[PDB]
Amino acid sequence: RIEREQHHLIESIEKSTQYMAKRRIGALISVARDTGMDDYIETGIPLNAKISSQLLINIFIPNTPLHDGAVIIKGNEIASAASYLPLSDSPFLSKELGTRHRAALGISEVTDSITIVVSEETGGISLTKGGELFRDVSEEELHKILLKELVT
């Protein structure tokens, strides 16, 4: 069922970001929806891989060929890793945040994608949607947002 797929995706994101946040492993994971992401998938290394927390983690290990860029998730696949997302030029984004967050914000401005960031400098988990930044959300907060947004 798609329902079981969507819940597995939530769990996959929750576990991998939780693992990566404890270890300050930067990460950037964009989930596409009605708005196509195919142009950005094509900038990356194709994976077309089953979604799992273990793969998400392995991708973002630092100084590895897959980690520099965004993971894009399309349907029930990790479509691509090391993809480019457009950067927000928004002057409202805090300057202590980094390029991952600016990239997470840029794509949320031009798609309806849900994107999730792990800061390598703080371990905070953030989320972007519709040009909004949810900064350093708690585990419970991330759970409800992903539940609300990714389960249809």
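Throughout, we count residues from 1 along the sequence that is shown. Just so we're on the same page, rigid core means the largest C-alpha set that superposes within 1.5 Å between forms.
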Inset, instruction - Figure out for me whether 116 to 124 or 32 to 40 is the more displaced stretch in 8 other deposited structures of this protein, taking RMS C-alpha distance from the shown form once the rigid core is superposed. - result: 32 to 40
Inset, instruction - Among all modelled residues of this chain, ranked by Cα B factor, put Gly44 in the bottom, middle or top third, i.e. lowest, middle or highest. - result: lowest
Legend entry - Where the record places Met37 (Cα B-factor, split into thirds across the chain): highest
Legend entry - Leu87, C-alpha B-factor rank within chain (lowest, middle or highest third): middle
Legend entry - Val137 by Cα B-factor - lowest, middle or highest third of the modelled chain: middle
Legend entry - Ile25 by Cα B-factor - lowest, middle or highest third of the modelled chain: highest
